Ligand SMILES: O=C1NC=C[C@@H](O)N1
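In the form solved without the ligand, a lone chain appears below as structure tokens.
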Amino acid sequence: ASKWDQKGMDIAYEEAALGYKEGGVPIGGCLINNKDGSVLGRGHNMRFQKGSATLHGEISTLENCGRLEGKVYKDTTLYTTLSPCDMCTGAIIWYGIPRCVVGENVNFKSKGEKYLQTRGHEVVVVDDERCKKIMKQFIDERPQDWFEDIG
């Protein structure tokens, strides 16, 4: 699966950078088929774009994949620029996405990371400097938007 990790993080970061330029929270993702590297879906946080409580970058990514047979998710990696919250963690667990690759968990880390490992999922934190820099820039410019969301 790891031979698609560069592709997956590059797409996730592109989604985060699209979101940033749209005036949103720079959190992006994509879902890749581990066998052939095909992109099933990609998305970014739509909190500000759509006034959305639930379209986190990971949720938006899964929504953008469309209706799938459940078996499709079982050989995928979900790429996200930021450590997933408990809701997004639960979506990974529920669909049985076996592997989650995380840009960084410096600006945010939920109990979801550990819970994924407890439920038998592989979690890889790449500690990517591009992801940390864009998230830190949003947090510095828009602290009330950030700390009102994550608390």
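We number the residues from 1 along the sequence you see.
FYI, the form deposited with the ligand bound isn't displayed, but the following is about it.
Peer 1: Could you tell me which of 81-89, 32-40, 116-124, 64-72 sits within 4.5 Å of the ligand in the entry with it bound, going by non-hydrogen atoms?
Peer 2: The contacting stretch is 81-89.
Peer 1: Within 4.5 Å of the ligand in the entry with it bound, do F108, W146 and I150 each have at least one heavy atom?
Peer 2: All three within 4.5 Å in the entry with it bound.
Peer 1: At 4.5 Å between heavy atoms, is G57 in contact with the ligand in the entry with it bound?
Peer 2: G57: yes, in contact with the ligand in the entry with it bound.
Peer 1: Mind listing which residues of 17-32 have a heavy atom within 4.5 Å of the ligand in the entry with it bound?
Peer 2: Heavy-atom contacts to the ligand in the entry with it bound: only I27.
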